[PDB]
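This document opens with one chain alone, in structure tokens, the form deposited in one PDB entry.
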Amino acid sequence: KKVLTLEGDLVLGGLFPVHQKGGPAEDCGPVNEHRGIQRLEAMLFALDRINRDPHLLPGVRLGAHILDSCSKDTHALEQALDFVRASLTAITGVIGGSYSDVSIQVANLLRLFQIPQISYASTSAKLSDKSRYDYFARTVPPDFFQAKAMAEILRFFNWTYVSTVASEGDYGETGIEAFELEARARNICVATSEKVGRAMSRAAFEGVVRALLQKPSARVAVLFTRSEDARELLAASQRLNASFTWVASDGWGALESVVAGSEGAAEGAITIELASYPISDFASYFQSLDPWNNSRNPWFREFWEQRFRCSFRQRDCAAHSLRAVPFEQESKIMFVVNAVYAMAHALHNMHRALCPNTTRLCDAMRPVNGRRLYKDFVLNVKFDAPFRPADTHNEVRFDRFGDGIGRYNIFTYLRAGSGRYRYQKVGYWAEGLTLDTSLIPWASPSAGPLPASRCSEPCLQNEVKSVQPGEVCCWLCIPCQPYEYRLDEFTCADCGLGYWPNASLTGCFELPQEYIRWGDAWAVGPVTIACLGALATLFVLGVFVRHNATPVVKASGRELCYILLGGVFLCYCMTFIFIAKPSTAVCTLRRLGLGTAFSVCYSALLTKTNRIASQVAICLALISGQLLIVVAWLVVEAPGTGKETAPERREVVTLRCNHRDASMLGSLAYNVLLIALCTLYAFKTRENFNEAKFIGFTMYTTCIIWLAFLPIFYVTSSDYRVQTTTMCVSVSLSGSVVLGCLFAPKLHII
């Protein structure tokens, strides 16, 4: 147990983490070179400067009673016991407390004796409560703003799925709770929450690293641990070949050789450190320190032997010095200087307000009471920084909770010369996040893809539902109803598709599709048959007109021949109307004309049998009788609208005439009349031998043409492609051959 004591009228206490905590066999081991020794020397330098300042305490010399906490709260309490043992050298206030737990324990011990305490590194938000710490001051921002800064940093890079690890105690717990609260305020999810204990072993660190690696969707790790815990975690990650994007708090900071002892595991780590400026006077004072003239520091020999490895009492540690080697100031040095100067200013104000005549300690101040000082001068103090740069405006003041202003800096640990790893500032945080993306060599587009961390990757808009129970960390999207249009929520479709399947896959469109109607792309065959029939009947009609019905046409009556020409002519035209799109003006003719097409052909055969002028007129009127049934059916069949869609194969609409569905009923009635007329003539006659034989061929041809339609009808069954329209063309085309066969030998030999 070493102690650093100096003489003076007023003695100020001190607590610094000079030594790092060891294992079970030793309370504390290696010397903390940057965070304990440099801070102790900064406090000593501040005290020396105050002791030579005429304006600040001209007649009062400030003493020092500084102790080493060995980075333990129990050891810190054991050391601070002698601070209050004298009260039962009196202590008017301690400038000490680097770790949050140490500061909390010291404040708890000191609140029973009314001893003010000003911290220089403790940033825990638990110390901001003035109900439990009535005499605790602090010159650093609390973690309440550091949590906001880290949450904003995570939100900036779309880091909505991260893993968190914090050290057990008083700093890690409050910080991680605040970070979780601020991440729930925004849209950030937490994957894994690990803890680091005080007696944490290497195997436990490996287990924590494995647990962190167990979540491949969270490539960003949020750190709220201490310096030693961060170093051990980095070593464990390095020895396990684990790569992570570390986002750490001020516990890591910009420590170059302390935490980043394994260069390579943390190459894109983002660290947040309290804003500070270098002090040239402190650098000059520290660079001139030697182990010979600095006899007032009991721990300087150990620091020398550690940073400049050699052996004392052997003529070995007498060549090197602190000037030639590079020197880097600790970030939390100006905070220690400000705390010491604030304590000195409070003491000076108390002396001025209590001893208005003498410049030394008058009898009214010799018992120093902490309550009055803390309530009057410690909290209500305002002065410029003792060693601030020329181009700045910084004031040392305490808020209502005795804290500092929430200003932070953002650092990244990059490599400059392929091995020269260093910390480079990339932004700051006072009220909002102002980051420099171009200064970070893993976020620029030229440096490669941005490392993102999401629980679920965003799937394509098409065939996605993103089912989410209330508010959930991440979503799962599944294809749903390919006939639905689109949706971005739990429901499969935001709008009703209706009879039109899906949409253009860009949202709610509900665009209509083509109906059952189709252009004559593959209907050339029906058209070709019509042209062949028209060409065949053109020559048949041409010879009849040229011969003036003299040779054979005027055999008996010369009337059936004229009527027969009309029947074949209208049969060819039936193919054209059937292959057209059903509309309000053309769809009505197909149903009415179907019965008439068979009636005219059958009438000619019936008229010939009846004959074997007036008869032709009677036959023409007889054919009109069958057309009356078509007109009667057309009373309701002519207006036809609707569709015959089915809950299958939604790509087709299947919209046609209402009479088209009823065309089967209409066709059945028409076919009945034609069949009966044809068979009666053939059997009755079974005149001229040639005429009688010719009638037999025509009578059988008409029946066989209609008979062959039945097997074809079952084949199609309204298939909408080569459908019942095809066989209607074929039977009409076959009927043209039937009509041609009647007159085929009439003029063949002429």
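Rigid core: the largest C-alpha set superposing within 1.5 Å between the two forms. The first residue of the shown sequence is 1; numbering continues from there.
Where coordinates are absent for parts of the deposited sequence, a chain break appears; between neighbours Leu88 and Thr89 it spans 10 or more residues. In this entry, no coordinate-free residues of the deposited sequence separate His55 from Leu56.
Although it is not shown, the form deposited in another entry is what the next lines describe.
Just one of the listed positions, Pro482, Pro451, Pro298, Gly207, moves its Cα by at least 2 Å between the shown form and the other one when the rigid core is held fixed, and it is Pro482. With the core held fixed, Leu739 shows a CA shift of 2 Å or greater between the shown form and the other one.
A displacement of 2 angstroms or greater separates the C-alpha positions of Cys601 between the shown form and the other one, with the rigid core held in common. The Cα position of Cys703 differs by 2 Å or more between the shown form and the other one after fitting on the rigid core.
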